[PDB]
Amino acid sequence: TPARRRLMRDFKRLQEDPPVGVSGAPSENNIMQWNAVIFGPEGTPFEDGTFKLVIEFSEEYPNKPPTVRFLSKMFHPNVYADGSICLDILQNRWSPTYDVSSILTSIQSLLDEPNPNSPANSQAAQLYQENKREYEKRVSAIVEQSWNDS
């Protein structure tokens, strides 16, 4: 199928041009479900976090974006309670030129650049705007938790 042919190319690109601070691979023997890891970027409240995600593709990929969820506990204005991510390029701004590598690096960039007008987590959105001191403390807890996560 076209989706499976595309996903083998996504995987090869990750090996040839490895992105810094992120990684992804198929789970077990299923090409349509991937595991992924994103490191919290240095110089941010998320620094040193080792966050685990799952990516689910459909047979309509790359014409349809995959669904991406954090499995690790998260505290971020654009991340829902169930780990789902409000990021424009994973919804209405999706393009077939994006792949696993670019999706992961886009999510990585979102961690230190939250969108205030999309409050998926209303408390994280409020603290980020009002009390940035308390925002970093709440993010610190989930950084620690991401280390003994499996």
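The first residue of the shown sequence is 1; numbering continues from there.
K.L.:
Which of the two stretches, 39 to 47 or 86 to 94, shows the higher mean Cα temperature factor in the record?
P.N.:
The stretch with the larger mean CA B-factor is 39 to 47.
K.L.:
Averaging CA B factors per stretch from the PDB record, which one is higher: 1 to 9 or 140 to 148?
P.N.:
According to the PDB entry, the answer is 140 to 148.
K.L.:
Looking at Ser109, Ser102, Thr67, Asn29, which has the highest Cα B-factor in the entry?
P.N.:
If I rank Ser109, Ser102, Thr67, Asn29 by C-alpha B-factor, first place goes to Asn29.
K.L.:
What third of its chain, lowest, middle or highest, does the C-alpha temperature factor of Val20 fall into?
P.N.:
Answer is middle: the recorded C-alpha B-factor places it there.
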